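Just one chain is shown here, as structure tokens, and it is the form deposited without this ligand.
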């Protein structure tokens, strides 16, 4: 009798179920009001009901809950100051997907040492998200799989499906059942169609496999997500400018989906140079001053300290993509608030 099962598996280890973390860290009354309201505010932006700019801003990845909370405290002041022009939501992404060998993020490997203490990682992810909402800072994240949302999606005000998963049927099915609005990124080489197609798909009811909150194999039946939009994040060429926004809006309309979209200032639009994010934001500011009617949001990679590092030596400095630092963050946000004030007054 020859073996055929789990030939290339080292082990399969059962995790604590979502309900265990939910019981210790239940969503508070206050956090629930913030999440519910922020989801609605974002829906309003996606559908053109409000002309504030959604700003998804924060670290490329979270590797240190302390620095994340300090960052949130600073950002909250600006979220409040600019609340009439900008809707500021913090980036709380636990991982950056990659092709080469590297750190697999705070959920999978919280101790940053290849121990893969995932129960600890999931608990800390949830705890950080609860603390953020409790202080008044809504949180955004990317869902890379169909199981992690059960642990903490209740704390998430906006979700992303990245460039590498926007075309994936199962990630579209997930999005169709996410409680938050969802942005779909264009493809890594610039393909917009996959994201336009994703919005249409995700608006419908789907099924996908996952686990129940008690941790048991399950099929989820979704209602459809009416609050999806595209995210322009560059490709072979950047796609942040007015001509690209116009072309995207035309294609969105031709597909019968929302022509309000988000522009990522980072990643392929900055050509991985954090100092380009301000130049992208300047371009967006000019678009908002002139017309800019199809822009509902921007994404920015921002941390306490600018740049990046291979090892987590400097506090508040990214170990994944390079970020703008705090002073630049202040200037970028001022810029976009000033420009959108003018758009909103028209």
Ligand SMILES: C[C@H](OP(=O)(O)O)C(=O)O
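Residue numbers count along the first chain shown, from 1.
There is another form of this protein, the form deposited with this ligand bound, and it is not shown here; the text below is about that form.
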query	finding
Contact label in the deposited complex: residue 114 to this ligand, heavy atom within 4.5 Å	no
Residue 238: touches this ligand in the deposited complex, heavy atom cutoff 4.5 angstroms	no
Heavy atom of residue 105 within 4.5 Å of this ligand in the deposited complex	no
4.5 Å heavy atom contact, residue 278 and this ligand in the deposited complex	no
Region of this chain that lies against this ligand in the deposited complex, out of 73-81, 197-205, 125-133, 93-101 [heavy atom, 4.5 Å]	93-101
Whether 163, 185 and 321 all lie within 4.5 angstroms of this ligand in the deposited complex by heavy atom	yes
One residue of 60, 288, 304, 31 in contact with this ligand, assessed in the deposited complex (non-hydrogen atom, 4.5 angstroms)	60
Residue among 259, 142, 85, 109 with a heavy atom within 4.5 Å of this ligand in the deposited complex	142
Residues in 232-269 with any heavy atom within 4.5 Å of this ligand in the deposited complex	233, 264, 267
